[PDB]
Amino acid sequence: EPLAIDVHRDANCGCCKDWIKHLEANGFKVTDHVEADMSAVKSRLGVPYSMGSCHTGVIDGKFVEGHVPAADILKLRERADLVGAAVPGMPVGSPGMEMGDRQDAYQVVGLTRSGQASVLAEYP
């Protein structure tokens, strides 16, 4: 099939739409909607409490929380031990949150079912 991701996103959030455009430019087929019950979406997918962000994607059963770069979504897909990856919050400089030369340091955090956190990528 075409590579595809479904995105549940915060209402009135411009960065989520920009992140979707970066994914599309990376070849992802994206479907999305503004979310009515984001607590339900995140808790059903197993996104940890303080790892939430402004949108939640779902690809091949695994969650993509926040402004995860496309290349790290591909790494998520090929790690059988991981059920999701998160960039908590909204760090400036992450894809869809970019605003000039500046960047909040951030990590893409992979998560196992056992609750283990495994860093997929670090950005200065």
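Heads up: residue numbers just count along the shown sequence, starting at 1.
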Checklist entry - Comparing 36 to 44 with 65 to 73, which stretch shows the greater average C-alpha B-factor in the deposited entry? => result 36 to 44
Checklist outcome for this item: Assert higher mean C-alpha B factor (49 to 57 or 74 to 82, deposited values) equals 74 to 82
Checklist entry - Can you tell me which third, lowest, middle or highest, the CA B-factor of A117 falls into for its chain? => result highest
Next on the checklist: For the chain shown, is the CA B-factor of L111 in the lowest, middle or highest third of its modelled residues?
Outcome noted: highest
Checklist entry - Lowest, middle or highest third: where is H22 by Cα B-factor in its chain? => result middle
